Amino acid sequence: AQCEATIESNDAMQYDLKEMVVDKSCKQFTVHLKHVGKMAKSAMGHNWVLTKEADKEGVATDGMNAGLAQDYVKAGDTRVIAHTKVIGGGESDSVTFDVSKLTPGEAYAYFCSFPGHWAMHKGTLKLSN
């Protein structure tokens, strides 16, 4: 694991982890998102999107505008550090990102941009400590 983490979503609007740490010696980090509840993505789909705190709302706004075929992230958004696909019950998806995109010590927002989800389904990630 070390430069890898699994976070879970279910049929409610919270990840099991509300905080995450990337170890400073990680060159890359992989997040595995598992949807462990039984609802289909048309009813309760979820993703994991990482941005700087200040970019969360713009990414969530343009995100819900992007539609499910874009996994509710605006195509090629420069403000998205990393994002998974939208998954439904029984599915999972991973994303590996460049740890040099993270300023050490800065708190970063990770949230779900699925319709209705962005303000509830969220947490914070930081590079080591």
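Numbering starts at 1 and follows the sequence shown.
Visitor: Between 83-91 and 32-40, which has the larger average Cα B-factor in the PDB entry?
Guide: Between 32-40 and 83-91, it is 32-40 that shows the higher mean C-alpha B-factor.
Visitor: Per the record, averaged over C-alpha atoms, which has the higher B-factor: 66-74 or 100-108?
Guide: Result of the comparison: 100-108.
Visitor: Would you mind ranking residue 60 by its C-alpha B-factor against the rest of the chain and naming the third, lowest, middle or highest?
Guide: Middle third, going by the recorded CA B-factors of the chain.
Visitor: Lowest, middle or highest third: where is residue 12 by C-alpha B factor in its chain?
Guide: As the PDB entry reports it, the C-alpha B-factor of residue 12 lands in the lowest third of its chain.
Visitor: Of the three thirds of its chain by CA temperature factor, lowest, middle or highest, which one includes residue 52?
Guide: Answer is middle: the recorded C-alpha B-factor places it there.
Visitor: Among the modelled residues of its chain, does the C-alpha B-factor of residue 117 lie in the lowest, middle or highest third?
Guide: Bottom third by C-alpha B-factor.
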